[PDB]
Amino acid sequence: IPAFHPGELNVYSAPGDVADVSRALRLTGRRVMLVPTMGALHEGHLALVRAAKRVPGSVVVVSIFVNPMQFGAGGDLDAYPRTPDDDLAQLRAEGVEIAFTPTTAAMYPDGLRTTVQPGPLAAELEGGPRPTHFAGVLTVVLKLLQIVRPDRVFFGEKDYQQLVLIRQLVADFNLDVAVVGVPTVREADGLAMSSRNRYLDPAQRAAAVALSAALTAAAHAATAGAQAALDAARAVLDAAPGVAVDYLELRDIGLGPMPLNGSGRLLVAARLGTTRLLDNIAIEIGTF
């Protein structure tokens, strides 16, 4: 149990430290909230913090870890945006009491050994060309949940596939934590917040509005059915300069092995130059 100073930012690197502090806090009555991040915080991460802060008597733990296990690919890992000085400044400004910034050796001292194997959802959509990506993410999430043992854990809905697989993890391994999904924070034109928006030049930043415009078009077109919703989104993506579409798909909300009913999720992934952007929205089909 290292020093805990309430009402300021305590930073721990050692998993044993954050674990002992967390358990200490839980035993004295505070509910522990966890917000997993990979750093490069934007207003989207701040919204997760602010959701966690609203839980009465919460202490909020933000983890910052760029997880080598979920990455490809030669250069993807090294190219990840890292800005930890601006990261800790914002958390201090939001009143966060705990930041957990582990080293790679402390998370993976034996290298990759026991891992989480996701269900078949991890091979679809984002997982199609990146077969071990979601095993890497579910493995780090499980370890975070075990080190921190929060009551609730918060994720954005922007990476909706990820959030769904995380729900499966929690359910399938009987984890005793409530998973809270927070609606995607957007730029004023509709662009979903993402660490990788900084890679759009001014022309690409202009075209990028097409994704959220396509999804909202579809969500309104959907009174007329699935075909009309998809055709609306496709038309908007087509009218946009150098948007290259990787997929546009409408699925049940659990994304599972079941057909679409009245409520669905429309997901899109597109490339602007070298930058791959994702977005998604709730869709109600027909009568609703």
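Don't overthink the numbering: it's just position in the shown sequence, from 1. Definition used throughout: the rigid core is the maximal C-alpha set that superposes within 1.5 Å between two forms.
- Put simply, when the other structures in 9 other deposited structures of this protein are lined up on the rigid core, the C-alpha atoms of 258-266 lie farther off than those of the other stretch, from 258-266 and 25-33.
- Between 44-52 and 249-257, the larger root mean square Cα shift in 9 other deposited structures of this protein, once each structure is superposed on the rigid core, falls on 249-257.
- Missing-residue comparison: residue 113 falls in the unmodelled set for none of the other PDB entries checked, so it is not missing from a third of them.
- Note: missing coordinates for residue 160 occur in none of the other compared entries bracketing this position, so the one-third threshold is not reached.
- The PDB entry records a higher mean C-alpha B factor for 121-129 than for its counterpart among 139-147 and 121-129.
- Stretches 173-181 and 84-92 differ in mean C-alpha B factor, with the higher average recorded for 84-92.
- Between the residues 227, 37, 223, 70, the entry's highest C-alpha temperature factor is the one at 70.
- Highest C-alpha temperature factor among 75, 111, 190, 156, as the PDB entry reports it: 75.
- Sort the chain's modelled residues by C-alpha temperature factor and residue 209 lands in the middle third, per the entry.
- Among the modelled residues of its chain, residue 266 has a C-alpha B-factor that falls in the lowest third, as given in the PDB entry.
- For residue 79, the recorded CA B-factor ranks within the highest third of the chain. Only modelled residues enter the ranking.
- Residue 282 sits in the middle third of its chain by CA B factor, as recorded in the PDB entry.
- For residue 232, the recorded CA B-factor ranks within the lowest third of the chain. Only modelled residues enter the ranking.
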